């Protein structure tokens, strides 16, 4: 029993695949990566995401059925699908190693360009230099410079409540470097406080399905480990980021 699926790719094209009705997300992802020319190296740097809003996409958990998400959220409007292929990688050095892969470079470039437009990457200072490289279409040079800007390979979540703030909310920001909570109002306006947690201070982490919360336990300075709860709806996505960061840290090949 076969069905067609549409999926958005980082360069703005879409692709369609014929997959079995009840396929899981990784089975759909492999089929797509086959249909677009991803080889055995490149395929591990991308994954399936769902568009939530103009400023947030969420990674599909392993036991989801992409076709069910496609059908549920389908409209006539462009792109014609809620599914999208995006980069999945926190260690920007692994990116460099792909600077000779035409497929990878092209996808990295076009998504990085979109992330700059959306404010995730803060070029600002060298905006003009990056614009000239963009206009001459020197993708690798563009990426090599943007890779030094604040916000590259950071995952920003929508603001939400937290059991360890008296009032207001937090915007969670995840990167290979640390785990950052930014203080904001209950409306989402950025206040002026940020806490950085190093990954080495993370003792355990977990989800709370019933309480719609991601949970982490840290041991900072000299005190005793405390649990913090972030009441995010995307708590399984957040847990996957933790597992993935530690995995990339374990297999890191460079002192840089």
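Positions refer to the first chain, counted from 1.
Report the stretch with the higher mean CA temperature factor, choosing between 146-154 and 122-130 on the basis of the entry. Result of the comparison: 122-130.
Residue range whose averaged C-alpha B-factor is higher in the record, 73-81 or 168-176: For C-alpha atoms only, the mean B-factor is higher in 73-81.
Reading the B-factor column of the entry, which of 28, 202, 51, 194 has the highest value at its C-alpha atom? Spelled out: the listed residue with the top C-alpha B-factor is 194.
According to the PDB entry, is the CA B factor of residue 7 in the bottom, middle or top third of its chain, that is, lowest, middle or highest? For residue 7, the deposited C-alpha B-factor lands in the lowest third.
Taking the C-alpha B-factors as the PDB entry records them, is residue 215 in the lowest, middle or highest third of its chain? Middle third, going by the recorded CA B-factors of the chain.
Ranking every modelled residue in this chain by its Cα temperature factor as given in the entry, which third contains residue 58? Lowest third.
What third of its chain's C-alpha B-factors does residue 99 belong to: lowest, middle or highest? Its C-alpha B-factor, which the entry lists for residue 99, ranks in the highest third among residues of this chain.
Per the entry's values, where does residue 113 land by CA temperature factor relative to the rest of its chain, in the lowest, middle or highest third? Its C-alpha B-factor, which the entry lists for residue 113, ranks in the lowest third among residues of this chain.
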